[PDB]
């Protein structure tokens, strides 16, 4: 998820691993976490200028050749350097199951593709116009035009709406993509604007917040304040960020966020930013009932019901009725059930940091001072 930076995180079923460019070394990457493939597969002496991560893989932009070099255990992302030839790339961005690479000016041809992408349902060349930056969602990638600074997205739009609902006309300084939404900092005034049919935008942007950079998970978004350089995170199923430590940059996994401290002496910190819950779909609509929800199901809160309800329509015929959704069975890799499924909420998951002894190699989301 997100864009290229000095730090990156892999996430998903294979574990959670934080990779960072060591400035004390020759811009060589060093990783740690539960995604063992993304730790020990890292190139041991390949100088890199940037990093980006996805579901079980991390890709770096080489210094020498300025081409993508990927490692990890994602079946849709090839290990090593993809079939590029002579092209060179300005930036990288990794989604769940795909990598996108913004071509350098020297490798760009007029009226031709600006981005090369590899991955599931994403392998090909895209936007036929120069872009400044690129960012990747779960199943899509976005970018800002060099001409008018307006955003454009490509890929699978299902569940997000980020391609058609893109604010073509607003000019952005930078944009970051979450799992099903995109947030950006406006060029004029540096306000934060987001789009995409996601519960990460259920409450909206924190009032009066000016950020320098943004990162986003599946259903959450974090930002660094302009002055204090302190993190401010919001979104779905988010618990009440480290308030003390200022950061120079952030990076977001699917359900955790890591930050490179502004002070180079202090080590990296990571914290959980939520957990997945079963939500009603077209195929699994959920039971509208006037009575409390039966065992094994929970009453979806009225706030999210209104958010998931179409324009000018109620989700259940009788608005007072409870919408009962099946309780989630289990937690994703690295997390364990912290709270049981009640009649009012789904089961809550937290990252299992109990097996973090010496030479245990636990999740990257468990690293605090």
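Positions refer to the first chain, counted from 1.
- Per the record, residue 295 and residue 296 are directly connected, with no deposited-sequence residue omitted between them.
- Between 306-314 and 322-330, the higher mean Cα B-factor belongs to 306-314.
- Higher mean CA temperature factor, per the PDB entry, when comparing 354-362 with 16-24: 354-362.
- In the PDB entry, the Cα temperature factor peaks, among 279, 251, 92, 201, at 201.
- In this structure the maximum Cα B-factor among 117, 132, 284, 166 is found at 284.
- Per-chain ranking of the deposited C-alpha B factor places residue 145 in the middle third.
- In the PDB entry, a CA B factor belonging to the highest third of its chain's modelled residues is recorded for residue 368.
- For residue 74, the recorded CA temperature factor ranks within the middle third of the chain's modelled residues.
- In the PDB entry, a CA B factor belonging to the lowest third of its chain's modelled residues is recorded for residue 101.
- Among all modelled residues in this chain, the alpha-carbon of residue 43 has a temperature factor (C-alpha) in the highest third.
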